[PDB]
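Okay, structure first, notes after.
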Amino acid sequence: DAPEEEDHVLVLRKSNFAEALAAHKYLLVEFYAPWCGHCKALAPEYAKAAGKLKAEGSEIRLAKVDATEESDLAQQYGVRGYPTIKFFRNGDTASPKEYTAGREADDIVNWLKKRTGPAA
């Protein structure tokens, strides 16, 4: 039907993954579960980094997945427990990068700025 979203970020699945990756160059995605406890410490922080672009118009977007709902892309990648964040660049499917942060929206834009930045 249509790609649903959450607050300011989107969600991924067994059908949106292969698409969102090869559809948007900058696309963030994290694997977590409804029972996880450290997967919500930045729920409003991981969504604020996606609104910082709404005022500009960049093409960077973040996403999240329910390892308990899909569990089809997490078992294939061999995740190592939640929360598990991952960054895809225009569909990589080979050697994606990993987020070394996890504290607030700033940590999300800080890693995203390394690829965009102002450079005015």
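Positions of Cβ are generated from backbone atoms using ideal geometry, with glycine treated the same way; all protein chains shown enter the neighbour counts. FYI, it's all coordinate maths here, none of it is from the lab.
So if I place +1 on the C-beta of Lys and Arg and -1 on the C-beta of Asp and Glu, and nothing else carries charge, what would the dipole magnitude of the chain be about its Cα centre? I want it in debye, nearest 20. Mind dumping the intermediate values first?
Values: 17 positive and 19 negative charges, 111 e Å.
The calculation lands at about 540 debye.
Tell me the Rg and the Dmax, in Å, that the Cα atoms of the chain produce.
13.6, 44
Distance between Cα centroids, the range 60-83 to the range 95-118: provide it in whole Å.
18
Just want the ordering: 89, 103, from fewest to most Cβ atoms lying within 10 Å of their own Cβ. Don't skip to the answer; put the middle values down first.
Working: 89 14, 103 11.
The order, fewest Cβ neighbours first, is 103, 89.
Please list 3J(HN,Hα) in residue order for the range 95-103, calculated via the Karplus relation 6.51 cos²θ - 1.76 cosθ + 1.60 where θ = phi - 60°; whole Hz, with x for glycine and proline.
8, x, 9, 10, 7, 9, 10, x, 9
Per the helix-only calculation at 222 nm, which mean residue ellipticity applies to the chain, given -39500 (n - 2.57) for every DSSP H run of n ≥ 4 and division by its residues, nearest 500 deg cm²/dmol?
On the way: 4 runs with 29 residues, N = 120.
Mean residue ellipticity, 222 nm, calculated: -6000 deg cm²/dmol.
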